[PDB]
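S.K.: My questions will all concern the structure given below.
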Amino acid sequence: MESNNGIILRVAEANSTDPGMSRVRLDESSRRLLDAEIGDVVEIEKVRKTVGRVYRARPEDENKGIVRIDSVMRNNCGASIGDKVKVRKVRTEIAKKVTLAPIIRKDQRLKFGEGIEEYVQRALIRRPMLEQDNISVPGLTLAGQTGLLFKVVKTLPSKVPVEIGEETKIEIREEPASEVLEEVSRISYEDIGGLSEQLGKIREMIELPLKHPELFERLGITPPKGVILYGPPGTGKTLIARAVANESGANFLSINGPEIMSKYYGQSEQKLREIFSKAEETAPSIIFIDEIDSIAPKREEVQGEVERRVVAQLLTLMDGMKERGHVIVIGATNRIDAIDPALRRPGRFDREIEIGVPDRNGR
Amino acid sequence: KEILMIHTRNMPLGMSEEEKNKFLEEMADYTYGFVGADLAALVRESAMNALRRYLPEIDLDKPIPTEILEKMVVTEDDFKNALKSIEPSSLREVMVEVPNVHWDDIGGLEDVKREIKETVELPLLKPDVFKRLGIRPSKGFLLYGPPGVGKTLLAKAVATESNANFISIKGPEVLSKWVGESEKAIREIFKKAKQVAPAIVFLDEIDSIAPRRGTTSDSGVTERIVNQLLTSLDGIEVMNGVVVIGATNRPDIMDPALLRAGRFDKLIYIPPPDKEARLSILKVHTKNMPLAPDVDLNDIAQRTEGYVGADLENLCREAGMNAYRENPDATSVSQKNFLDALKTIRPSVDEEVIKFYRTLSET
């Protein structure tokens, strides 16, 4: 369960992408616990000693034992869902003059322009925040856009978390800023459309071993080796995979089926031998092949020993893993009927997942 | 031309006061087998074309008269005889080329052609701005419709418009290179275009790769070319100034996984022309050739309906032979010539292929 209750709560991903960045939604019952007004400014303290202030809002569908929260603060904090969080009411401190600059990675240092009053003044309305934080203003048109990343070097009042009001002066320098905080392009569970039941089901499998293996392996369950995904690929498969890896904190290792087939004796096996070699250090990590059906479709009626040696090389590498520094190999294909069942047994993927397609609700 | 002139620097024929067929550009249009020094050999072959006519008919010996060195010249024909004499060497491949095709040379249809403005040209000029707008247009489109009709010329049109040299990859071009297992080089052509960027990579009649090979031992049931195309897409992006352009007669039969969105996104249909476009494309052909308006260009448009651009570009081209003008078999342009051509030209007798497009394109 996600249960934690009272003035102290537990952090749970918001069940809606939410309109706002500072929206942290709590039920009437949950609000009565801390005794605060809807939309109140409350500074929440959490693990790692990282703090933030947010607005309260409401579903009617929540349980008082959780907190539906933005991905901004969780990313700024770097939180993995399931942490016990400490929240309390605090009166508002407000900025006077605020300086903002975008992060290095997102822009590449190629970006400059106008819109100080278009972005910030429109985002100048009622944003509670922590000083030294990456604040995001979305809008305009999509398909190149996920948020707009502004890192805070300074706020005229210093060493205080402050809400952004209408009386503050704003600045956009467009010069260097700290890149420490991730680009939202690096995924968040919110970026997965729907599939709430499938999200948690898959997540609990990889998460618990990847979090603390020393019981969930030792005193419980057993760690599996890999997971295969089904349904139309290229849409959620590549996204969900990195959406499992980034949030769990486990490093992500990219593979390409066609690149391996594009290669041959040597580099083909070197690569698969090179990746896992790199995985040992980053282990525990997430290993992923979207293309599983391309490299190992074999139903008998393929030909060469090169394709049989590399796929058989993959067979060896699976069993060669210790399940101690355990790493998880993920896979995806359009249909299970096409792929090879010799990859379906223990020693390797024994775990298969079926992902359907959205509906009027899923969309 | 700048290398040849160095061998014109080695000849006292004269140039830019002599302007004539001997102008080095017009002769440079004939030859790709060669490079700088091969031209030196060529002018030596041309210079030798001279000596073989001159010196033998003189029957020279240790005495060399001065008059010959004076009265002797180097004509334009010996170059042709040197150009028709060939020793092709330079690497087997297709090379970048800049055509003259443009909106002026395409009668076509403004509706589908106009979409090419925003599809290609705009992404070319402003790849950094769409980031500001927060937009990432597609990676390429796919043309399908009646065979011929100039669908190949449509890309040569945006080629000169894009102000970038052009490469056309056609099915037969891959097959000849495929026998040598050079498909890896076919992929290198794309990395080559990148080093030459901006440049346009045009995949033509890509449905022409599979038909001859059925299903045989390629990468397995899916082609290695498909494997090369999948990897070809790994390198490029919407960021690069290089543009992928699909053109296909049958954008179904092969392996739709590669035709899947994210690989080739936009599905664009080339419809057959109509009375007006039939007339416009007709006016473009007849303006170059001498015209006696005994025909009524609207009347021969009455006769003509259901004729694709291929038949028209061929009909415009085919009736030209039946008509004779500036020689003494002459018969001027008349409805009789276009009347006899009406029987020679094959109409569109298959509405099947037409309805597969319309039904599939609509829903």
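Labels for the structure tokens follow display order: chains A, B, ..., residues from 1 in each chain, ligands from 1.
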For residue 31 in chain B, work out the shell of residues within 12 Å, counting only C-alpha atoms and skipping chain neighbours fewer than 4 positions away, then give it as number ranges by chain.

M.R.: B: 1, 24-27, 35-36, 38-39, 42, 79-80, 82-90

S.K.: Could those selected residues go to a file with N, CA, C and O atoms, as an mmCIF file, in the first residue's frame?

M.R.:
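Saved result, again.cif, follows:
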```cif
data_model
loop_
_atom_site.group_PDB
_atom_site.id
_atom_site.type_symbol
_atom_site.label_atom_id
_atom_site.label_comp_id
_atom_site.auth_asym_id
_atom_site.auth_seq_id
_atom_site.Cartn_x
_atom_site.Cartn_y
_atom_site.Cartn_z
ATOM 1 N N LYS B 1 35.830 22.019 -65.537
ATOM 2 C CA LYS B 1 36.005 23.196 -66.381
ATOM 3 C C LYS B 1 37.228 23.995 -65.953
ATOM 4 O O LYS B 1 37.964 24.521 -66.796
ATOM 5 N N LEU B 24 34.295 24.697 -72.318
ATOM 6 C CA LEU B 24 34.689 23.499 -71.583
ATOM 7 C C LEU B 24 33.542 22.939 -70.750
ATOM 8 O O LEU B 24 33.513 21.739 -70.452
ATOM 9 N N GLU B 25 32.589 23.787 -70.359
ATOM 10 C CA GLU B 25 31.460 23.304 -69.568
ATOM 11 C C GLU B 25 30.599 22.343 -70.374
ATOM 12 O O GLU B 25 30.238 21.265 -69.889
ATOM 13 N N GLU B 26 30.250 22.725 -71.605
ATOM 14 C CA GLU B 26 29.394 21.882 -72.430
ATOM 15 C C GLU B 26 30.005 20.500 -72.622
ATOM 16 O O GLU B 26 29.285 19.496 -72.669
ATOM 17 N N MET B 27 31.335 20.425 -72.727
ATOM 18 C CA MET B 27 31.989 19.125 -72.836
ATOM 19 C C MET B 27 32.084 18.443 -71.476
ATOM 20 O O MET B 27 32.083 17.210 -71.392
ATOM 21 N N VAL B 35 38.523 12.174 -63.300
ATOM 22 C CA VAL B 35 38.925 13.173 -62.319
ATOM 23 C C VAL B 35 39.941 14.082 -63.009
ATOM 24 O O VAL B 35 40.066 14.058 -64.239
ATOM 25 N N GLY B 36 40.649 14.913 -62.238
ATOM 26 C CA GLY B 36 41.505 15.929 -62.835
ATOM 27 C C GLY B 36 42.485 15.394 -63.863
ATOM 28 O O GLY B 36 42.533 15.877 -64.996
ATOM 29 N N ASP B 38 42.717 12.427 -65.382
ATOM 30 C CA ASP B 38 42.057 11.773 -66.506
ATOM 31 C C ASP B 38 41.711 12.781 -67.596
ATOM 32 O O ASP B 38 41.729 12.450 -68.787
ATOM 33 N N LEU B 39 41.392 14.017 -67.205
ATOM 34 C CA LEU B 39 41.174 15.065 -68.195
ATOM 35 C C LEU B 39 42.467 15.388 -68.931
ATOM 36 O O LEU B 39 42.463 15.591 -70.151
ATOM 37 N N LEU B 42 42.658 12.884 -71.264
ATOM 38 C CA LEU B 42 41.634 13.149 -72.270
ATOM 39 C C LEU B 42 42.117 14.175 -73.287
ATOM 40 O O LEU B 42 42.063 13.932 -74.498
ATOM 41 N N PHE B 79 37.608 16.494 -79.634
ATOM 42 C CA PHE B 79 37.150 16.353 -78.256
ATOM 43 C C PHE B 79 36.021 15.335 -78.169
ATOM 44 O O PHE B 79 36.083 14.385 -77.381
ATOM 45 N N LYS B 80 34.976 15.518 -78.982
ATOM 46 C CA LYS B 80 33.892 14.542 -79.026
ATOM 47 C C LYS B 80 34.433 13.136 -79.247
ATOM 48 O O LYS B 80 34.114 12.214 -78.487
ATOM 49 N N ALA B 82 37.243 12.178 -78.526
ATOM 50 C CA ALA B 82 37.904 11.849 -77.268
ATOM 51 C C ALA B 82 36.884 11.583 -76.169
ATOM 52 O O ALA B 82 37.105 10.731 -75.301
ATOM 53 N N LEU B 83 35.761 12.303 -76.189
ATOM 54 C CA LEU B 83 34.725 12.089 -75.184
ATOM 55 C C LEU B 83 33.994 10.774 -75.420
ATOM 56 O O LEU B 83 33.733 10.024 -74.471
ATOM 57 N N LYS B 84 33.653 10.474 -76.676
ATOM 58 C CA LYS B 84 33.030 9.191 -76.979
ATOM 59 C C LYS B 84 33.966 8.034 -76.653
ATOM 60 O O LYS B 84 33.501 6.937 -76.322
ATOM 61 N N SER B 85 35.276 8.254 -76.741
ATOM 62 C CA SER B 85 36.240 7.279 -76.248
ATOM 63 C C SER B 85 36.299 7.372 -74.728
ATOM 64 O O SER B 85 36.583 8.442 -74.177
ATOM 65 N N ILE B 86 36.034 6.256 -74.048
ATOM 66 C CA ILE B 86 35.809 6.265 -72.610
ATOM 67 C C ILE B 86 36.670 5.205 -71.936
ATOM 68 O O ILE B 86 36.922 4.129 -72.480
ATOM 69 N N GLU B 87 37.124 5.536 -70.729
ATOM 70 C CA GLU B 87 37.822 4.600 -69.857
ATOM 71 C C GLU B 87 37.341 4.800 -68.423
ATOM 72 O O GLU B 87 38.133 5.139 -67.536
ATOM 73 N N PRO B 88 36.058 4.570 -68.152
ATOM 74 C CA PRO B 88 35.501 4.902 -66.837
ATOM 75 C C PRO B 88 36.205 4.171 -65.700
ATOM 76 O O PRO B 88 36.435 2.962 -65.736
ATOM 77 N N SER B 89 36.539 4.954 -64.674
ATOM 78 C CA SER B 89 37.350 4.510 -63.547
ATOM 79 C C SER B 89 36.660 4.835 -62.228
ATOM 80 O O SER B 89 36.408 3.944 -61.411
ATOM 81 N N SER B 90 36.361 6.118 -62.024
ATOM 82 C CA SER B 90 35.995 6.642 -60.714
ATOM 83 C C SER B 90 34.897 5.802 -60.072
ATOM 84 O O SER B 90 34.096 5.153 -60.752
#
```

S.K.: Write out as a count of residues only the residues lying within 8 Å of range 239-241 of chain A, counting only C-alpha atoms and excluding same-chain residues fewer than 4 positions away.

M.R.: 6

S.K.: Under the rule of at most 10 Å, produce a per-residue listing of chain B near chain A: chain, number, name, the closest pair of atoms, and the distance in Å, as a Markdown table, using only C-alpha atoms.

M.R.:
```
| residue | atom | partner | partner_atom | distance |
| --- | --- | --- | --- | --- |
| B:128 | CA | A:110 | CA | 8.3 |
| B:129 | CA | A:111 | CA | 9.3 |
| B:130 | CA | A:144 | CA | 6.9 |
| B:131 | CA | A:144 | CA | 5.9 |
| B:132 | CA | A:111 | CA | 7.9 |
| B:133 | CA | A:141 | CA | 6.3 |
| B:134 | CA | A:144 | CA | 3.9 |
| B:135 | CA | A:144 | CA | 3.5 |
| B:136 | CA | A:144 | CA | 4.6 |
| B:137 | CA | A:143 | CA | 7.7 |
| B:138 | CA | A:143 | CA | 9.9 |
| B:184 | CA | A:262 | CA | 8.2 |
| B:216 | CA | A:302 | CA | 9.6 |
| B:217 | CA | A:303 | CA | 6.9 |
| B:218 | CA | A:302 | CA | 9.6 |
| B:219 | CA | A:261 | CA | 7.4 |
| B:220 | CA | A:302 | CA | 6.0 |
| B:221 | CA | A:302 | CA | 8.2 |
| B:222 | CA | A:294 | CA | 8.3 |
| B:224 | CA | A:262 | CA | 7.7 |
| B:225 | CA | A:262 | CA | 9.6 |
| B:226 | CA | A:258 | CA | 8.9 |
| B:227 | CA | A:258 | CA | 5.4 |
| B:228 | CA | A:262 | CA | 6.9 |
| B:229 | CA | A:258 | CA | 9.2 |
| B:230 | CA | A:258 | CA | 6.6 |
| B:231 | CA | A:258 | CA | 6.3 |
| B:232 | CA | A:259 | CA | 9.9 |
| B:234 | CA | A:259 | CA | 9.0 |
| B:257 | CA | A:233 | CA | 9.4 |
| B:260 | CA | A:234 | CA | 8.8 |
| B:261 | CA | A:234 | CA | 8.4 |
| B:262 | CA | A:234 | CA | 7.7 |
| B:263 | CA | A:234 | CA | 9.8 |
```

S.K.: Find the residues near residue 72 in chain B: any atom within 9 Å, counting only C-alpha atoms, skip ones fewer than 4 places away on the same chain, and give them as a PDB file with N, CA and C atoms, in the first residue's frame.

M.R.:
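Below is the file part-v7.pdb, written as the result:
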```
ATOM      1  N   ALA B  50      44.227  14.757 -82.775  1.00  0.00           N
ATOM      2  CA  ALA B  50      44.797  15.657 -83.770  1.00  0.00           C
ATOM      3  C   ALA B  50      46.001  15.029 -84.461  1.00  0.00           C
ATOM      4  N   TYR B  54      46.622  14.671 -88.382  1.00  0.00           N
ATOM      5  CA  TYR B  54      47.647  15.565 -88.910  1.00  0.00           C
ATOM      6  C   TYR B  54      48.941  14.848 -89.285  1.00  0.00           C
ATOM      7  N   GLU B  67      55.513  25.456 -90.332  1.00  0.00           N
ATOM      8  CA  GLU B  67      54.173  25.731 -90.840  1.00  0.00           C
ATOM      9  C   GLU B  67      53.136  24.846 -90.161  1.00  0.00           C
ATOM     10  N   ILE B  68      53.418  23.547 -90.057  1.00  0.00           N
ATOM     11  CA  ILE B  68      52.473  22.626 -89.430  1.00  0.00           C
ATOM     12  C   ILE B  68      52.148  23.090 -88.018  1.00  0.00           C
TER      13      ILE B  68
END
```

S.K.: For a test of reading the model, state the distance in Å between CA of residue 149 in chain A and CA of residue 134 in chain A, rounded to one decimal.

M.R.: 6.4 Å

S.K.: Smallest atom-to-atom distance to residue 55 in chain A: which of A:281, A:75, A:23, A:33, using only C-alpha atoms?

M.R.: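 The answer is A:23, which sits nearest to residue 55 in chain A.
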
S.K.: For range 293-295 of chain B, find every residue with an atom within 9 Å (counting only C-alpha atoms), except residues of its own chain fewer than 3 positions away, and show them as a PyMOL selection string.

M.R.: chain B and resi 298-300+332-336+338

S.K.: Calculated over only C-alpha atoms, which of the candidates A:268, A:92, A:108, A:71 has the smallest distance to residue 53 in chain A?

M.R.: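 Looking only at the distances to residue 53 in chain A, the closest residue turns out to be A:92.
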
S.K.: Would you give me, as a ChimeraX atom specification, the residues in range 96-274 of chain A that DSSP reads as strand (DSSP E)?

M.R.: /A:97-102,127-129,134-136,149-155,162-164,169-172,226-229,251-254

S.K.: Could you please take those selected residues and save N, CA, C and O atoms as a compact mmCIF listing (two decimals), in the first residue's frame?

M.R.:
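Below is the file part24.txt, written as the result:
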```
# COMPACT_ATOMS: atom_id res chain seq x y z
N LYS A 97 12.67 40.63 -6.86
CA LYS A 97 13.23 40.52 -8.20
C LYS A 97 13.80 39.12 -8.36
O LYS A 97 14.52 38.63 -7.48
N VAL A 98 13.49 38.48 -9.48
CA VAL A 98 13.90 37.10 -9.73
C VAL A 98 14.71 37.05 -11.02
O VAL A 98 14.34 37.69 -12.01
N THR A 99 15.81 36.30 -11.00
CA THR A 99 16.64 36.09 -12.17
C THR A 99 16.48 34.64 -12.62
O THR A 99 16.51 33.73 -11.79
N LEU A 100 16.31 34.44 -13.92
CA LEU A 100 16.09 33.12 -14.49
C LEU A 100 16.91 32.94 -15.75
O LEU A 100 17.01 33.86 -16.58
N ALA A 101 17.50 31.76 -15.90
CA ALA A 101 18.23 31.39 -17.11
C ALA A 101 18.02 29.91 -17.39
O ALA A 101 17.90 29.11 -16.45
N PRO A 102 17.96 29.52 -18.66
CA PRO A 102 17.75 28.11 -18.99
C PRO A 102 19.01 27.28 -18.78
O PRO A 102 20.13 27.80 -18.70
N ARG A 127 3.08 30.97 -8.51
CA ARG A 127 3.89 29.77 -8.55
C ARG A 127 4.71 29.65 -7.27
O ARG A 127 5.68 30.40 -7.10
N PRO A 128 4.37 28.74 -6.35
CA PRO A 128 5.24 28.50 -5.19
C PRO A 128 6.42 27.63 -5.60
O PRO A 128 6.28 26.70 -6.40
N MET A 129 7.60 27.94 -5.06
CA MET A 129 8.84 27.31 -5.51
C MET A 129 9.92 27.42 -4.44
O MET A 129 9.83 28.23 -3.51
N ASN A 134 14.67 24.33 -10.81
CA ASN A 134 14.40 24.40 -12.25
C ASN A 134 12.89 24.48 -12.43
O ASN A 134 12.17 23.50 -12.18
N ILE A 135 12.41 25.64 -12.87
CA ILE A 135 10.98 25.90 -13.03
C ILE A 135 10.65 25.88 -14.52
O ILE A 135 11.43 26.36 -15.35
N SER A 136 9.49 25.31 -14.85
CA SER A 136 9.12 25.05 -16.24
C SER A 136 7.84 25.78 -16.61
O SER A 136 6.83 25.70 -15.90
N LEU A 149 12.56 24.92 -19.77
CA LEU A 149 13.35 24.71 -18.57
C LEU A 149 14.12 25.98 -18.20
O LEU A 149 14.98 26.43 -18.97
N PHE A 150 13.81 26.53 -17.03
CA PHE A 150 14.53 27.67 -16.48
C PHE A 150 15.07 27.30 -15.10
O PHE A 150 14.30 26.97 -14.20
N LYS A 151 16.39 27.36 -14.96
CA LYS A 151 17.06 27.09 -13.69
C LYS A 151 17.29 28.41 -12.96
O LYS A 151 17.58 29.43 -13.60
N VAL A 152 17.15 28.38 -11.64
CA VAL A 152 17.21 29.59 -10.82
C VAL A 152 18.60 29.73 -10.23
O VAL A 152 18.99 28.96 -9.34
N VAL A 153 19.35 30.73 -10.69
CA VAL A 153 20.64 31.03 -10.06
C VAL A 153 20.44 31.87 -8.81
O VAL A 153 21.16 31.72 -7.82
N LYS A 154 19.46 32.78 -8.83
CA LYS A 154 19.28 33.75 -7.77
C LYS A 154 17.83 34.20 -7.70
O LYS A 154 17.13 34.24 -8.72
N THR A 155 17.39 34.53 -6.49
CA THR A 155 16.18 35.29 -6.24
C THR A 155 16.54 36.41 -5.28
O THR A 155 17.25 36.18 -4.30
N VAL A 162 10.29 30.83 -1.87
CA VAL A 162 9.39 31.96 -2.08
C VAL A 162 8.35 31.59 -3.13
O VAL A 162 8.63 30.84 -4.07
N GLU A 163 7.15 32.13 -2.96
CA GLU A 163 6.12 32.06 -3.98
C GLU A 163 6.29 33.21 -4.97
O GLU A 163 6.74 34.30 -4.60
N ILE A 164 5.95 32.95 -6.22
CA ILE A 164 6.06 33.95 -7.28
C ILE A 164 4.71 34.65 -7.42
O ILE A 164 3.73 34.03 -7.84
N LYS A 169 9.53 41.77 -9.96
CA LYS A 169 10.21 42.02 -11.22
C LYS A 169 10.84 40.74 -11.74
O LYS A 169 11.28 39.88 -10.97
N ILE A 170 10.90 40.62 -13.06
CA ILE A 170 11.33 39.39 -13.73
C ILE A 170 12.49 39.73 -14.66
O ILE A 170 12.60 40.86 -15.14
N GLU A 171 13.36 38.75 -14.90
CA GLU A 171 14.52 38.91 -15.75
C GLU A 171 14.78 37.64 -16.54
O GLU A 171 14.65 36.53 -16.00
N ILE A 172 15.15 37.79 -17.81
CA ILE A 172 15.64 36.68 -18.61
C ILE A 172 16.96 37.13 -19.23
O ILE A 172 16.98 38.00 -20.11
N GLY A 226 14.46 -10.89 -17.54
CA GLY A 226 14.01 -9.85 -18.45
C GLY A 226 12.51 -9.88 -18.66
O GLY A 226 11.83 -10.82 -18.24
N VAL A 227 12.00 -8.84 -19.31
CA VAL A 227 10.58 -8.69 -19.59
C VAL A 227 10.40 -8.34 -21.06
O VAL A 227 11.16 -7.53 -21.61
N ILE A 228 9.41 -8.96 -21.70
CA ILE A 228 9.06 -8.67 -23.09
C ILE A 228 7.72 -7.95 -23.11
O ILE A 228 6.83 -8.26 -22.31
N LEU A 229 7.58 -7.00 -24.03
CA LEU A 229 6.37 -6.22 -24.19
C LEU A 229 5.72 -6.57 -25.53
O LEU A 229 6.41 -6.90 -26.49
N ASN A 251 20.38 3.03 -14.59
CA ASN A 251 20.94 3.48 -15.85
C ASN A 251 20.33 2.72 -17.02
O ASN A 251 19.96 1.54 -16.90
N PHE A 252 20.21 3.40 -18.15
CA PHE A 252 19.58 2.85 -19.35
C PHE A 252 20.66 2.55 -20.38
O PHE A 252 21.52 3.39 -20.65
N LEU A 253 20.59 1.35 -20.96
CA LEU A 253 21.54 0.91 -21.98
C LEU A 253 20.77 0.66 -23.28
O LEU A 253 19.85 -0.16 -23.31
N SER A 254 21.16 1.36 -24.34
CA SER A 254 20.44 1.33 -25.61
C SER A 254 21.03 0.25 -26.51
O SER A 254 22.25 0.13 -26.63
```
